[PDB]
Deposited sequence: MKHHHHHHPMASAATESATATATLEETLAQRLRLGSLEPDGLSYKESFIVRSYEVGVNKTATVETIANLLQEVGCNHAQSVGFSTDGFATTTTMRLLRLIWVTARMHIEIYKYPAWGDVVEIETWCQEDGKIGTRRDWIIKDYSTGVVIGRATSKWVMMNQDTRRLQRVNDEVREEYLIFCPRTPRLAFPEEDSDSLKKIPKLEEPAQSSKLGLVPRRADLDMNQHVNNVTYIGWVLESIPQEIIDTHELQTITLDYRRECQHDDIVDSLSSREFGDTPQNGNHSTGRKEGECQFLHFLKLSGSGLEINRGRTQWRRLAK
């Protein structure tokens, strides 16, 4: 991968691997999420920010601040097959004083056709208090200098599904997987359940009949809390075809995340 000529976006290509495809003989949602993370990490490295998954500047590390996910939204028009080459372009934009947006466009490298797009909201959190913390414009300029000046939106449409609020589904959920436990292999380099594990947990709540007849066009997650190594999680869904999702701690009922998935017939 490489910064673009203007230095305000980053591009990387991948050849889809046989083990990265699922039941529909195309790349899994988890593979797509992993590729989005990979090009984002290579972009952070290329502009001199942390590569630890907090993507920090010098001054954020001084101020005990880290970037954390508020929302992730992925839309897939066509899943690539084993051996397909995909090119992902990614860039960041200001999202108010508290936040940044990271966007991605996924192309079939051979045709140049857009096969998917994604957007994410990040907020600045004090690592000691877990509170959102605003910093002055001079700290923000450290990262805003690596973002396009003129807005580039992967989701330029007026009332984008990517910004649509997710309500809390009412129990009992129509579909549920109770008592899910993270594995060592599910933990990031900070002992928190990684994003691909949340995606897997969300998909566990989908009825098999849907998995057998449909594929996922969009997934939206709003994150509230991290899941710890010893946490036990219930993954719930109901129809809102479209589903609402809710991930909650088995004991307390405390919200981990909520989500929306949209499905298209195979």
Counting from 1 along the deposited sequence, which stretches lack C-alpha positions? 1-34, 275-292, 319-320
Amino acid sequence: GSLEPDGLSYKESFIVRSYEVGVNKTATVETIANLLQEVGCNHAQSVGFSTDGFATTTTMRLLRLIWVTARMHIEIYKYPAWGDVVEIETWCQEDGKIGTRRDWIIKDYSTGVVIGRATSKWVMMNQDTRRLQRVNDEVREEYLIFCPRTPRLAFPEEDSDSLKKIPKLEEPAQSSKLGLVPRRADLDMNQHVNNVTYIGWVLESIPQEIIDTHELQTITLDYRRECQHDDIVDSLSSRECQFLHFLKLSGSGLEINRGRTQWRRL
From here on, numbers count along this sequence of modelled residues.
Tell me which of 70-78 and 156-164 has the higher mean C-alpha B-factor in the deposited entry. 156-164
The stretch carrying the higher mean Cα B factor in the deposited entry, 3-11 or 255-263, is 3-11
Could you say which of 88, 125, 193, 85 has its CA atom at the highest B factor, as listed in the PDB entry? 193
From 118, 92, 145, 114, which pick has the Cα B-factor that tops the rest in the entry? 145
Splitting the chain's C-alpha B-factors into thirds, which one does residue 36 fall into? lowest
Quick tally, chain-level thirds of C-alpha B-factors: residue 241 sits in the highest
In terms of its chain's C-alpha B-factors, the third that includes residue 149 is the highest
Lowest, middle or highest third - CA B-factor, residue 187: highest
Tell me, lowest, middle or highest third: where does the Cα B factor of residue 235 rank within its chain? lowest
